[PDB]
């Protein structure tokens, strides 16, 4: 079954705790959004893991360069997974993975923005086993919706051997679109953080997921 991941795109830790104190036990993965990494620094990862050690903590650092330096900082802060932006040099993705192996963590390729299938092949050959298919937030606000092109690419990535995470302003009604595909993880940020009842929002995703998968 696809796991449920909550994106913490808050600017301060106290803001993030308003959400985790409610749904921490309702999700599988607690992500330190890029906005939180830049707002508080890597201490966000260290503090959240200390609070929820039984959960998977993802540092959405979107590493672009200095792969072994930035990943080591996240894993030393106890992160389980870290993200590497899709346009990073292949040596950058490789370095982060090498470090991740030292901590028994893992690396994800953030497919935010422009990327190609040739790069996708390179990531496989490098040994990367996870990708995050992301519909850009700025793109969404510009009227961009989910479509067949996305479904097709997602299926293709899956056929390549990647464990695929789908994210990007996902609402409970968007789940049916991905039925049939073995999605590894579904990410929900605003739809859970900003719902009237975050707990009900989280449980409904879980419910819908178990029902469709």
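Numbering follows the first chain given and starts at 1. Just so we're on the same page, rigid core means the largest C-alpha set that superposes within 1.5 Å between forms.
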By Cα RMS to this form in 4 other deposited structures of this protein after fitting the core, the stretch ranking higher of 81-89 and 106-114 is 106-114
Between the two ranges 33-41 and 140-148, the one averaging a larger CA B factor in the entry: 140-148
On average, are the C-alpha B-factors higher in 99-107 or in 77-85? 99-107
Maximum C-alpha temperature factor per the entry, among 56, 170, 157, 61, belongs to which one? 170
Quick one: which of 50, 166, 70, 175 shows the highest Cα temperature factor in the PDB entry? 175
Can you work out whether the C-alpha temperature factor of residue 197 puts it in the lowest, middle or highest third of the chain? middle
Is residue 130 in the lowest, middle or highest third of its chain when residues are ranked by C-alpha B-factor? lowest
How does residue 8 rank on Cα B-factor within its chain, lowest, middle or highest third? lowest
Report the third (lowest, middle or highest) to which the CA temperature factor of residue 188 belongs, ranking only the modelled residues of the same chain. middle
Entry-reported C-alpha B-factor of residue 27 relative to its chain, by third, is middle
